[PDB]
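Below: one protein chain in two forms, given as structure tokens, structure 1 then structure 2.
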Structure 1
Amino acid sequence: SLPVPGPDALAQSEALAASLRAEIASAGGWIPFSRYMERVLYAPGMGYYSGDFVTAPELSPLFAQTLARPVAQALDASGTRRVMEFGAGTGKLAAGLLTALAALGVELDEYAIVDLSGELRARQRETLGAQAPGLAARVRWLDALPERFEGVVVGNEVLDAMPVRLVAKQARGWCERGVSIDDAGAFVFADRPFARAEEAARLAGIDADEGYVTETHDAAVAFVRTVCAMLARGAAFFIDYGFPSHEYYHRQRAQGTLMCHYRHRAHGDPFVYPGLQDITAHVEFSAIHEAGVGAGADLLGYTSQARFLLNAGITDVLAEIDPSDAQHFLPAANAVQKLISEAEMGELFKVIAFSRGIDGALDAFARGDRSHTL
């Protein structure tokens, strides 16, 4: 069943929906899914994110403590002293990473948060004041990526929320799946030939039978190019759920990876209550790899979150807590298992990193690197 929102949320969703229906009609009855997704997620005031930013916020402490190790190693190796986080959710990772780095002897000249909409920083500032008092003063917020950056960039579950286009395999070949309105005014998917017939060529490599529907990630690719061109020295880590291309576009993944979350219920329909639910797609890491190295950065590593966290010392972090102290040990052990178990986040989530001015390997990627599978 599908719970009905309260009056105020419903009014918001209805206004957002009416604005999208009006846009679709004005455009001749069809818009790409990227445009739909951009508006329902990011419309000022009414979009989902712009008026549940990570999968498991309660894992942020142990996660940040562990991530701090390769972050510090990348700072040392590149001779840099700044971190920049894109998005940043409610600021739990920033508070954790700031605190953990400082505890390990690493002070930053600045921890920059990129909050394009302006809408996330108030809660982030509150979280930092509460959880990292006296490191909070090192945090600055940016309205856009700068032209140049020296330090370590962190993008945790941000690639998955960037707009995707949908593509569908017809007998006649690939086409674009966009959004139309039906005769009752409801949003409907609608398939149309590509404007740029060129854009079907990139899909030829997919082992897809007729009826296959999947996502392309132009916006994420554009973002990674921009980050890697900006990065002058240092590293950029992206943490997200997804797969290299062979697996992403596997013959059997014929409904793709699009998933929506409404009142923490996972389901496939992005036309449910516009503005009141999340819409995400998994990340296609081969294209992300090409994006970053094509901008001239080195690939620093690619592996599963489990392997990255294990390599980075998560079990050592856990082992600081004594097992007889059950009050602390069991929650910590359960957190670690959620982070690293194949059945939980450990395999599905991946870490990819790019670098400039880092020679050699990070310990976090030195065993079990998967770059050769990209």
Structure 2
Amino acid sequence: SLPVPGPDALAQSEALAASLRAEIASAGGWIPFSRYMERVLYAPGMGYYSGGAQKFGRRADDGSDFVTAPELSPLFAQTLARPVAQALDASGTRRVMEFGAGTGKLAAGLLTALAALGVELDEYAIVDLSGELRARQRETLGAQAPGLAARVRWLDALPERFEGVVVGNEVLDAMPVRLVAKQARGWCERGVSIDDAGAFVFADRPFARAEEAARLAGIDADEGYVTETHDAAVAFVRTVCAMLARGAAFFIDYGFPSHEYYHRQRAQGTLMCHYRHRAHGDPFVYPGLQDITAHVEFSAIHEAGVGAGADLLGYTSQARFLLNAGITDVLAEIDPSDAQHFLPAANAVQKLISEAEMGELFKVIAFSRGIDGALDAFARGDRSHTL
């Protein structure tokens, strides 16, 4: 069912795989799933995300693996600019920092939409783990925001403090997770080993310490339940919120609060892989050539940000956030008689806000420091009390 990679791509994946087999052997034959993801997704040079921009796009026939809101439509960035601007104003700051900037479309769109709102930034900082997307980002910015691109900086390291607005779209979902599985007796960790034939397989091990099972005790799990823990995303949000001195941080991503994430019925968890616009469950397929994600558990994200000293600014579905922020007014700026522009825009809005598409599954959580009031983008249907 999955497309076969070309022979040159298979050679890269094979080299990654062979090194990882050797690593698992040297480790004693078992590694946590988080280390497996760390390698296949983020190995320097060889990881899926240590690579260029082809993976981002709209359709299989452009060579991409998955679509994201910035790739889908400029109306996403144009809408997001409204709460970003309000947060800059409320906090008295003048910089934006984006993590995981992809092709640069979100940055170019935010810059041009912020300018149209009368907001000039001192800096738009792009934070990626390595530098392989810098050339495509520069190209996008030159093509789509030519008179504003000069304000962009690609950081090699985070500042100790930051005053401004942080953005990350589909960044939290991409972070390594550990897998846990319910036994007859308590819970264990599901990791990765290598079978007799040299294939990657799941394999279970006990936890080293009892705190580890006790944090899962509240899950109403039957034997066989398997789900994900999200320490990496928690650590990242703490880093962001400890760095933030004044301003806000917005994370847009698919997921749920804890009571929904770890619901009795969600017994297979949320782990999914994306390859050439096919979603499937096998993270051992073509290592380095496909993504592996889990949904975001927003209660733990909330606790992470607030625990590092930030305030919760809001939490709601992407539909409510974008509607509150003015996406319907953004669409109304386009003349309905201009069919070439209007129909694709209306279609993308539908995808961004419909519960059958992105609108309910995707959520937006925000943190702040030095913001006393509420953002308009959270003024209706905020779900903070459910976290």
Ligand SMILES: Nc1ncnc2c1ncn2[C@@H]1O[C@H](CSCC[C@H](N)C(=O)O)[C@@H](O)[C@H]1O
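We call the rigid core the largest set of C-alpha positions that still match within 1.5 Å between the two forms. For residue numbers, the reference is structure 1: its sequence is counted from 1.
S.K.: Which of the two structures shown, 1 or 2, corresponds to the form deposited without S-adenosyl-L-homocysteine (SAH)?
M.R.: Pick structure 1; the other is not the form deposited without S-adenosyl-L-homocysteine (SAH).
S.K.: After superposing on the rigid core, which residue out of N311, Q305, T66, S60 has its C-alpha displaced by 2 Å or more between the two structures?
M.R.: The displaced C-alpha is that of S60.
S.K.: What is the C-alpha shift for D115 between the two structures, rigid core superposed, to one decimal in Å?
M.R.: For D115, the alpha-carbon shift amounts to 1.6 Å.
S.K.: Report, in Å with one decimal, the C-alpha displacement of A326 between the two structures after core superposition.
M.R.: Core-aligned C-alpha shift comes out at 2.2 Å.
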